[PDB]
$ cat work_5.cif   # mmCIF, C-alpha atoms and all ligand atoms
data_entry
loop_
_atom_site.label_atom_id
_atom_site.label_comp_id
_atom_site.auth_asym_id
_atom_site.auth_seq_id
_atom_site.Cartn_x
_atom_site.Cartn_y
_atom_site.Cartn_z
CA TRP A 1 -10.68 -27.07 -11.42
CA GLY A 2 -7.82 -24.56 -11.84
CA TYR A 3 -7.19 -21.08 -13.27
CA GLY A 4 -6.52 -22.08 -16.85
CA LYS A 5 -8.61 -21.30 -19.93
CA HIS A 6 -10.49 -24.61 -19.77
CA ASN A 7 -10.86 -25.08 -16.03
CA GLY A 8 -10.83 -21.47 -14.83
CA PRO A 9 -13.33 -19.61 -12.71
CA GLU A 10 -15.93 -19.25 -15.48
CA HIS A 11 -16.27 -23.05 -15.40
CA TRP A 12 -16.49 -23.70 -11.64
CA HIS A 13 -20.29 -23.37 -11.56
CA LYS A 14 -20.51 -26.76 -13.40
CA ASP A 15 -19.08 -28.74 -10.49
CA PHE A 16 -19.94 -26.21 -7.76
CA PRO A 17 -23.34 -24.76 -8.49
CA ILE A 18 -23.01 -22.59 -5.35
CA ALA A 19 -20.65 -20.59 -7.62
CA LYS A 20 -23.60 -18.42 -8.65
CA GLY A 21 -25.04 -18.28 -5.14
CA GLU A 22 -26.12 -15.34 -3.01
CA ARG A 23 -23.07 -14.67 -0.82
CA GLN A 24 -20.12 -15.32 -3.18
CA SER A 25 -16.60 -13.87 -2.84
CA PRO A 26 -14.47 -11.85 -3.70
CA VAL A 27 -16.13 -8.49 -4.31
CA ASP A 28 -15.35 -4.90 -5.17
CA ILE A 29 -15.34 -2.70 -2.04
CA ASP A 30 -17.09 0.59 -2.95
CA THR A 31 -15.69 2.92 -0.32
CA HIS A 32 -18.44 5.54 -0.87
CA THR A 33 -21.11 2.92 -0.39
CA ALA A 34 -19.56 1.11 2.57
CA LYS A 35 -21.49 1.83 5.82
CA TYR A 36 -19.64 3.24 8.79
CA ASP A 37 -20.85 0.95 11.59
CA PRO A 38 -20.16 2.46 15.04
CA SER A 39 -21.32 -0.71 16.80
CA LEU A 40 -18.32 -2.47 15.32
CA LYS A 41 -15.74 -3.47 17.94
CA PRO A 42 -11.95 -3.49 17.54
CA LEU A 43 -10.28 -6.59 16.14
CA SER A 44 -8.52 -8.87 18.56
CA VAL A 45 -5.59 -10.73 17.06
CA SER A 46 -3.71 -12.96 19.46
CA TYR A 47 -0.85 -14.74 17.69
CA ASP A 48 1.98 -14.58 20.22
CA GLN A 49 1.55 -18.26 20.93
CA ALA A 50 1.21 -19.34 17.29
CA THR A 51 2.78 -22.67 16.35
CA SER A 52 3.68 -23.06 12.62
CA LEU A 53 4.23 -26.58 11.45
CA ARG A 54 4.76 -26.73 7.69
CA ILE A 55 4.31 -25.25 4.25
CA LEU A 56 2.94 -27.08 1.24
CA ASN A 57 2.05 -26.57 -2.39
CA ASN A 58 -1.43 -27.94 -2.88
CA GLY A 59 -1.41 -27.09 -6.62
CA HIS A 60 -3.39 -23.85 -6.38
CA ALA A 61 -1.28 -21.98 -3.82
CA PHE A 62 1.11 -22.55 -0.93
CA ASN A 63 -0.28 -22.96 2.56
CA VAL A 64 1.56 -22.25 5.84
CA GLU A 65 -0.15 -24.60 8.30
CA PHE A 66 -0.63 -24.10 12.07
CA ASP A 67 -1.29 -26.28 15.09
CA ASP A 68 -4.99 -25.66 15.76
CA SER A 69 -5.52 -28.21 18.55
CA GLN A 70 -5.55 -25.46 21.13
CA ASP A 71 -6.44 -21.74 21.31
CA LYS A 72 -2.87 -20.73 20.35
CA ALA A 73 -3.40 -18.21 17.53
CA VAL A 74 -6.88 -16.66 17.72
CA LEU A 75 -9.01 -13.97 16.27
CA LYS A 76 -11.96 -12.47 18.15
CA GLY A 77 -13.87 -9.15 18.51
CA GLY A 78 -14.73 -7.07 15.44
CA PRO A 79 -17.92 -8.44 13.85
CA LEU A 80 -17.33 -11.88 15.29
CA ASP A 81 -19.00 -13.84 18.04
CA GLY A 82 -16.73 -16.28 19.89
CA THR A 83 -13.20 -17.39 19.14
CA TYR A 84 -11.72 -18.37 15.71
CA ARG A 85 -8.60 -20.42 15.45
CA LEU A 86 -5.91 -19.89 12.79
CA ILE A 87 -5.48 -23.05 10.77
CA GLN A 88 -3.45 -21.77 7.73
CA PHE A 89 -2.50 -18.72 5.67
CA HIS A 90 -1.88 -18.37 1.89
CA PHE A 91 -1.81 -15.85 -0.94
CA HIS A 92 -3.37 -15.10 -4.32
CA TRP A 93 -1.14 -13.26 -6.81
CA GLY A 94 -0.77 -12.17 -10.44
CA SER A 95 1.58 -12.58 -13.40
CA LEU A 96 2.06 -8.75 -13.26
CA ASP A 97 2.10 -6.17 -10.48
CA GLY A 98 -1.17 -4.78 -11.90
CA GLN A 99 -3.30 -7.75 -10.72
CA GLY A 100 -3.48 -10.63 -8.20
CA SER A 101 -5.74 -9.57 -5.30
CA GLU A 102 -9.17 -11.15 -4.90
CA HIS A 103 -10.93 -8.22 -3.40
CA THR A 104 -10.66 -4.83 -5.12
CA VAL A 105 -11.01 -1.35 -3.57
CA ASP A 106 -12.93 1.05 -5.83
CA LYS A 107 -12.00 -1.22 -8.70
CA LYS A 108 -8.30 -0.99 -7.84
CA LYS A 109 -6.31 -4.24 -7.89
CA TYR A 110 -3.29 -5.00 -5.73
CA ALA A 111 -0.27 -7.23 -6.53
CA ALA A 112 -1.50 -9.98 -4.20
CA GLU A 113 -3.76 -10.69 -1.23
CA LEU A 114 -3.02 -12.61 1.99
CA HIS A 115 -5.70 -14.81 3.51
CA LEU A 116 -5.45 -15.77 7.24
CA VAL A 117 -8.03 -18.52 7.70
CA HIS A 118 -9.69 -19.05 11.04
CA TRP A 119 -12.46 -21.44 12.14
CA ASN A 120 -15.06 -20.98 14.89
CA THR A 121 -14.16 -23.22 17.82
CA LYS A 122 -17.81 -23.85 18.79
CA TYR A 123 -17.90 -26.35 15.89
CA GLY A 124 -14.96 -28.43 17.01
CA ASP A 125 -13.00 -28.97 13.70
CA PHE A 126 -12.54 -27.04 10.45
CA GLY A 127 -14.63 -29.66 8.67
CA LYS A 128 -17.79 -28.88 10.68
CA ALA A 129 -17.09 -25.18 10.62
CA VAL A 130 -17.15 -25.07 6.80
CA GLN A 131 -20.74 -26.24 7.14
CA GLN A 132 -21.90 -23.13 9.02
CA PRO A 133 -22.81 -19.59 8.00
CA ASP A 134 -20.66 -18.35 10.84
CA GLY A 135 -18.13 -21.09 10.27
CA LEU A 136 -15.07 -19.16 9.13
CA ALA A 137 -13.47 -15.75 9.54
CA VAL A 138 -10.82 -14.77 6.92
CA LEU A 139 -8.45 -11.89 7.42
CA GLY A 140 -7.60 -10.38 4.03
CA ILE A 141 -4.59 -8.14 3.61
CA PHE A 142 -3.49 -6.43 0.37
CA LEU A 143 0.09 -6.50 -0.83
CA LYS A 144 1.54 -3.61 -2.84
CA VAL A 145 4.97 -3.55 -4.63
CA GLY A 146 7.34 -1.13 -2.88
CA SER A 147 9.80 -1.84 -0.04
CA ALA A 148 10.58 -5.35 1.19
CA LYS A 149 8.67 -6.91 4.08
CA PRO A 150 11.36 -8.42 6.27
CA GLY A 151 8.81 -10.62 8.04
CA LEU A 152 7.92 -12.31 4.75
CA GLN A 153 11.45 -13.37 3.68
CA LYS A 154 11.52 -16.65 5.63
CA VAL A 155 8.55 -17.73 3.51
CA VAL A 156 10.14 -16.54 0.20
CA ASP A 157 13.37 -18.48 0.86
CA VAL A 158 11.53 -21.80 1.41
CA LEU A 159 9.58 -21.65 -1.90
CA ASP A 160 12.45 -23.40 -3.76
CA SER A 161 11.74 -26.48 -1.66
CA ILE A 162 8.00 -26.76 -2.59
CA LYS A 163 8.16 -25.71 -6.25
CA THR A 164 5.73 -28.43 -7.38
CA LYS A 165 2.29 -29.77 -6.37
CA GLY A 166 2.29 -32.10 -3.39
CA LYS A 167 5.62 -30.87 -1.99
CA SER A 168 5.75 -29.72 1.62
CA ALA A 169 8.57 -28.79 4.01
CA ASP A 170 8.82 -28.36 7.80
CA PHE A 171 8.08 -24.68 8.64
CA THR A 172 8.31 -24.17 12.42
CA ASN A 173 8.74 -20.99 14.42
CA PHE A 174 7.16 -18.67 11.82
CA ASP A 175 5.52 -15.58 13.49
CA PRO A 176 2.53 -14.31 11.52
CA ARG A 177 2.61 -11.00 13.41
CA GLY A 178 5.40 -9.99 10.96
CA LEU A 179 2.80 -9.87 8.14
CA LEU A 180 0.36 -7.43 9.72
CA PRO A 181 -0.05 -3.81 8.69
CA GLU A 182 0.16 -1.09 11.36
CA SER A 183 -3.58 -0.28 11.44
CA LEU A 184 -6.32 -2.87 11.85
CA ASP A 185 -9.11 -0.76 10.34
CA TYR A 186 -11.26 -3.02 8.25
CA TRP A 187 -14.27 -3.63 5.99
CA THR A 188 -16.52 -6.67 6.60
CA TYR A 189 -19.26 -8.48 4.82
CA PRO A 190 -20.73 -11.99 4.64
CA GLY A 191 -19.15 -14.07 1.86
CA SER A 192 -17.71 -17.32 0.76
CA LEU A 193 -14.43 -19.18 0.08
CA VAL A 194 -12.83 -17.88 -3.11
CA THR A 195 -11.90 -21.32 -4.43
CA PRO A 196 -14.01 -24.51 -4.60
CA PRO A 197 -16.09 -25.79 -2.65
CA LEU A 198 -16.77 -22.01 -2.56
CA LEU A 199 -18.86 -22.62 0.55
CA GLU A 200 -20.75 -19.59 1.88
CA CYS A 201 -19.41 -19.80 5.42
CA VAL A 202 -16.97 -16.90 5.73
CA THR A 203 -17.11 -13.65 7.55
CA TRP A 204 -14.75 -11.46 5.60
CA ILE A 205 -12.37 -9.04 7.35
CA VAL A 206 -10.43 -6.98 4.78
CA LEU A 207 -7.89 -4.51 6.22
CA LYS A 208 -7.78 -1.05 4.73
CA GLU A 209 -4.08 -0.72 5.07
CA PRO A 210 -2.00 -2.77 2.66
CA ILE A 211 1.50 -4.08 3.41
CA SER A 212 4.31 -3.51 0.91
CA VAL A 213 6.71 -6.17 -0.48
CA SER A 214 9.55 -5.71 -2.94
CA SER A 215 9.39 -6.79 -6.55
CA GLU A 216 11.97 -9.46 -5.77
CA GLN A 217 9.75 -10.95 -3.04
CA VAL A 218 6.64 -11.22 -5.20
CA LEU A 219 8.76 -12.48 -8.12
CA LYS A 220 9.70 -15.62 -6.19
CA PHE A 221 5.96 -16.39 -5.85
CA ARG A 222 5.61 -16.45 -9.62
CA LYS A 223 8.28 -19.17 -9.91
CA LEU A 224 5.95 -21.75 -8.39
CA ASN A 225 4.30 -24.55 -10.43
CA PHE A 226 0.63 -25.62 -10.54
CA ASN A 227 1.83 -28.91 -11.94
CA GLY A 228 3.34 -31.95 -10.16
CA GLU A 229 6.98 -32.99 -10.46
CA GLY A 230 7.98 -34.28 -13.89
CA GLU A 231 5.00 -32.66 -15.62
CA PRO A 232 4.93 -29.90 -18.15
CA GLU A 233 5.70 -26.72 -16.22
CA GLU A 234 2.74 -24.35 -15.61
CA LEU A 235 3.71 -21.29 -13.57
CA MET A 236 1.60 -20.55 -10.52
CA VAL A 237 0.31 -17.09 -11.39
CA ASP A 238 -3.11 -15.43 -11.43
CA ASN A 239 -4.69 -17.84 -8.89
CA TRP A 240 -7.44 -15.31 -8.20
CA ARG A 241 -11.15 -15.08 -8.99
CA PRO A 242 -13.13 -12.36 -10.71
CA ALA A 243 -15.19 -10.14 -8.39
CA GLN A 244 -18.80 -11.26 -7.76
CA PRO A 245 -22.09 -9.46 -7.46
CA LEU A 246 -22.72 -8.01 -3.97
CA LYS A 247 -26.41 -8.79 -4.50
CA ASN A 248 -28.04 -6.79 -1.64
CA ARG A 249 -25.31 -7.55 0.92
CA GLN A 250 -23.87 -4.50 2.66
CA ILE A 251 -20.21 -3.77 3.30
CA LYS A 252 -19.62 -2.28 6.73
CA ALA A 253 -16.62 -0.21 7.78
CA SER A 254 -14.99 0.04 11.18
CA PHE A 255 -13.73 3.57 10.28
ZN ZN B 301 -7.57 -17.37 -0.23
#

$ encode --input "work_5.cif" --output "structure tokens"
Amino acid sequence: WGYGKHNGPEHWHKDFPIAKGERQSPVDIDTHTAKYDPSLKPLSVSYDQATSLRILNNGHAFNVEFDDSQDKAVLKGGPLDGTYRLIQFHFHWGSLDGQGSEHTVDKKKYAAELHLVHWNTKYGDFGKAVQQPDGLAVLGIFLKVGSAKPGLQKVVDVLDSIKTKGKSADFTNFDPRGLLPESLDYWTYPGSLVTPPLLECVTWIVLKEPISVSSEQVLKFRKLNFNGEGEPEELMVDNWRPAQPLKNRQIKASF
């Protein structure tokens, strides 16, 4: 599987039948249709104690991994029940500024989208969590081209080091708080992972307010390779999936 012409998203259903399931992601967020839910509690993001370990290129993106052996970086409140632990964060981007995000707002596409992946600690390990309907909680944040995001530069500068698939580099003392927008207003719905196994275990939390990055920042993203070292170079661009049918599901708003 990949994002090419012959292994792209339109082909995933052959290996992952769940691809045409009932609670597939990403989706278009219709802001006129979204339901203002007053019973929705404020998000609780506790990342002061976050411990970043490394960064790796897994051939479909780059993942910043965290120490999830303890309740160090957690997400709670909002639509969630219990505590979710941050395990990694990554992005989906485009070849142009006009595309890249997974989720769309009123059909509008952003330059990229940041996914903060958390797993429900009642299940003991990520592996068990991915087997539950309430297994994961993913924080999605839109990225728009404008002014530079200072907080994101440490990640941009390390990309040289993990240009190809399978490369990883030590990445300690990275503070994820630098990537958050000012407001934590959000939309939420029941969905799935946006890449294979495309397991329908995620509670989606998409922030309303996008963060801005400079053209130079997002450009460095586009210099990445899908391919392994000493293979024909394939730039890592457009690692996003077409929006899926909401199919009855309802998108709730905290605002
Ligand atoms: Zn993602």

$ residues_near_ligand --input "work_5.cif" --ligand "ligand ZN 301 (chain B)" --cutoff "7 Å" --atoms "all atoms listed in the file" --output "ChimeraX atom specification"
/A:90-92,114-115,194

$ residues_around --input "work_5.cif" --residues "residue A:24" --least-positions-apart "5" --cutoff "12 Å" --atoms "all atoms listed in the file" --output "JSON, numbers by chain"
{"A": [13, 16, 17, 18, 19, 102, 103, 189, 190, 191, 192, 193, 194, 195, 196, 197, 198, 199, 200, 201, 202, 203, 204, 241, 242, 243, 244, 245, 246, 247, 248, 249]}

$ closest_residue --input "work_5.cif" --among "A:157, A:71, A:97, A:185" --to "residue A:48" --atoms "all atoms listed in the file"
A:71

$ closest_residue --input "work_5.cif" --among "A:153, A:57, A:83, A:104" --to "residue A:119" --atoms "all atoms listed in the file"
A:83

$ atom_distance --input "work_5.cif" --atom1 "atom CA of residue A:72" --atom2 "atom CA of residue A:93"
28.2 Å

$ atom_distance --input "work_5.cif" --atom1 "atom CA of residue A:5" --atom2 "atom CA of residue A:228"
18.8 Å

$ residues_around --input "work_5.cif" --residues "residue A:254" --least-positions-apart "5" --cutoff "9 Å" --atoms "all atoms listed in the file" --output "list in words"
residues 35, 36, 37, 38, 39, 40, 41, 42, 78, 185, 186, 187 and 188 of chain A

$ atom_distance --input "work_5.cif" --atom1 "atom CA of residue A:232" --atom2 "atom CA of residue A:159"
18.8 Å

$ closest_residue --input "work_5.cif" --among "A:222, A:47, A:25, A:121" --to "residue A:178" --atoms "all atoms listed in the file"
A:47

$ residues_around --input "work_5.cif" --residues "residue A:51" --least-positions-apart "2" --cutoff "12 Å" --atoms "only C-alpha atoms" --output "VMD selection string"
chain A and resid 47 to 49 53 to 54 64 to 74 85 to 88 170 to 176

$ residues_around --input "work_5.cif" --residues "residue A:164" --least-positions-apart "5" --cutoff "10 Å" --atoms "all atoms listed in the file" --output "PyMOL selection string"
chain A and resi 56-59+62+159+223-231+233-236

$ residues_around --input "work_5.cif" --residues "residue A:30" --least-positions-apart "6" --cutoff "9 Å" --atoms "all atoms listed in the file" --output "PyMOL selection string"
chain A and resi 104-107+251

$ closest_residue --input "work_5.cif" --among "A:116, A:96, A:162, A:148" --to "residue A:55" --atoms "only C-alpha atoms"
A:162
